[PDB]
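Below: one structure, written as structure tokens.
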Amino acid sequence: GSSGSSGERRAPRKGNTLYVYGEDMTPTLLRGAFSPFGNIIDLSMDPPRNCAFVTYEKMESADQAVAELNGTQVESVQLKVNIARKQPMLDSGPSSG
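So that you can map any letter, position 62 of the sequence shown is 62 in the deposited numbering, and since no number is skipped, the others follow by simple counting.
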């Protein structure tokens with residue numbers, strides 16, 4: 001009998017920001033952890049909720065990371081990435097930051 005589900009949960013690819021969650025991970029860590037996928041233009045960490053918002057210069061990466069970085073164990077730390085919800089078209093090159 002089929003051990004598990006036949007295949008994986010199909011899903012589209014779109015988004016700039018990514019919802020990351022960890023326990024013993026640091027900002028500088030995510031920098032070299034998400035960099036491999038692409039360029040980080042927006043990376044923020046919230047000790048309170050122990051999460052991190054990493055934005056990629058492109059949308060192609062957003063799905064990528066969420067596909068690999070999802071449930072991945074980097075630097076001896078399990079990082080949980082997801083496609084942030086409610087992320088409409090946002091400027092890429094902010095001048096009046």
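Don't be surprised by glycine CBs; every beta carbon is placed ideally from N, CA and C.
For residue i, the three-state DSSP class (helix, strand or coil)
i           : result
residue 87  : coil
residue 34  : helix
residue 61  : helix
residue 119 : In the structure displayed, the chain extends from 1 to 97; residue 119 sits before or after that span and is not available.
Cross-strand partners of residue i (DSSP beta bridge)
i          : result
residue 42 : 55
residue 82 : 19
Contact set for residue i: own chain, Cβ-Cβ below 6 Å, skip 5 residues either direction
i          : result
residue 41 : 55 and 57
residue 29 : 75
Alpha-carbon to alpha-carbon, residue j and residue i
i          : j          : result
residue 66 : residue 12 : 11 Å
residue 85 : residue 51 : 14 Å
residue 32 : residue 46 : 18 Å
residue 61 : residue 4  : 28 Å
residue 8  : residue 92 : 32 Å
residue 90 : residue 2  : 43 Å
Check: residue i C-beta below 7 Å from any heavy atom of the ligand SAM
i          : result
residue 61 : Summarising the ligand content, the structure contains no ligands, and the ligand SAM is consequently not present.
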